[PDB]
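This document opens with one chain alone, in structure tokens, the form deposited in one PDB entry.
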């Protein structure tokens, strides 16, 4: 739209704008560049590398009159490319704060696409560029298809040992009318284990069930079908959706007792948006039915675990990513905030960067397949030796261990390490084995804990 372009094109350096109107990532920057001029540099940040590639490919074909650039690999030295530059946020994560600023200042406009995804690279770049925001023109964009009526239902929860008539059946803990099994059903469940258990039970009852891609084609090719899936992106002639309203997602637990940081998957409610995408699977080609649990959706994505992961990208430059997030969010108002949480996270982020990271640790983090390398960085403040904790199966300690590369790790044994950062399954092992986590062993960790106690107190 013309008015929006006029508004963005008149922005002065140091200004920020938030847009919701869904052309977006394609037609909005295109219109802006045609207005500002073809030779002016315009940057469009996209979360996924493959997504950035897709747009670049599409746009260069569609508009030959405008120049397009793709930035998803290695750093282009002295990059001065003229058209619209489509880049991943991770592309800019490679650069030092001075280098990043030098690069960023050259673009006339910077477009932040799909900021609601809140990936660690995304959170780090937003916080980092905001540091020199006075020098930029930043535009944050978001998009926050039913052709037939959707009938909505609240399915009651099936109680343990409840005897449903010949009229109802258990669909992932929800009481669904049996007459619904004559239709094409999609069931949303939080876990992979539940998708398999729900599918296998329905198959045993005689239903054409499958779980979640080529091995679903055998199910979906015959109707009626029932497909049990976790949060996903074919499903022909879909009639009904059964939504558990739940998802499995990483979460953080902050405490003044060490380990101060505890992370892992936890079952939680989906967001309003997620629920809308789940209900949106029906009413597209024919009428639909949507059965939801009594579970209330949350308003927004919990970015805390990703914020903690983002902190890594500020280590080399000695930047506190949480402080940067907070300062940025104040000016830009993109995300909801939990002030106690951000405070705690900032106290720990100061610890993370309080000292130069040991070369040994720096080198392990670079090469390891370990899913949370930041754990190594935080723990370096107390220990240099990574510890292999026994794996938890069902709710019991086993003799299985995760084998991550380049760790030079040691088995837990009876020796609990002084971890600053632990996983839910590491903490569980400690408790199940009747062992205790050590208390802070140095001024740094001691004061960090004292500061944490203090905040939870004034909370």
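Definition used throughout: the rigid core is the maximal C-alpha set that superposes within 1.5 Å between two forms. Residue numbers count along the first chain shown, from 1.
Gap between residue 212 and residue 213: 4 to 9 deposited residues without coordinates. According to the entry, the stretch of the deposited sequence that connects residue 144 to residue 145 contains 4 to 9 residues lacking coordinates, which leaves a gap of moderate length in the model. The PDB entry records a higher mean C-alpha B factor for 270-278 than for its counterpart among 324-332 and 270-278. As the entry records it, the average C-alpha temperature factor is higher for 217-225, out of 253-261 and 217-225. Per the deposited coordinates, the residue with the largest Cα temperature factor out of 244, 363, 96, 88 is 363.
Within the group 345, 72, 233, 150, the record's highest C-alpha temperature factor is found at 233. The PDB entry assigns residue 450 a C-alpha temperature factor belonging to the middle third of its chain's modelled residues. Residue 78: CA B factor in the highest third of modelled residues in this chain (values from the PDB entry). Ranked by C-alpha B-factor against the other modelled residues of its chain, residue 354 falls in the lowest third.
When the modelled residues of the chain are ordered by their C-alpha B factor, residue 421 lands in the lowest third. For residue 436, the recorded CA B-factor ranks within the highest third of the chain. Only modelled residues enter the ranking.
The same protein has a further form, the form deposited in another entry, not shown here; the description that follows concerns it.
Just one of 105, 178, 361, 340 moves its Cα by 2 Å or more between this form and the one not shown on a rigid core overlay, and this residue is 178. Once both forms are fitted on their rigid core, the CA atom of residue 299 lies 2 Å or more apart between this form and the one not shown. With the core held fixed, residue 272 shows a CA shift of 2 Å or greater between this form and the one not shown.
Residue 118 is not among the residues whose C-alpha shifts by 2 Å or more between this form and the one not shown once the rigid core is aligned; its shift stays under 2 Å.
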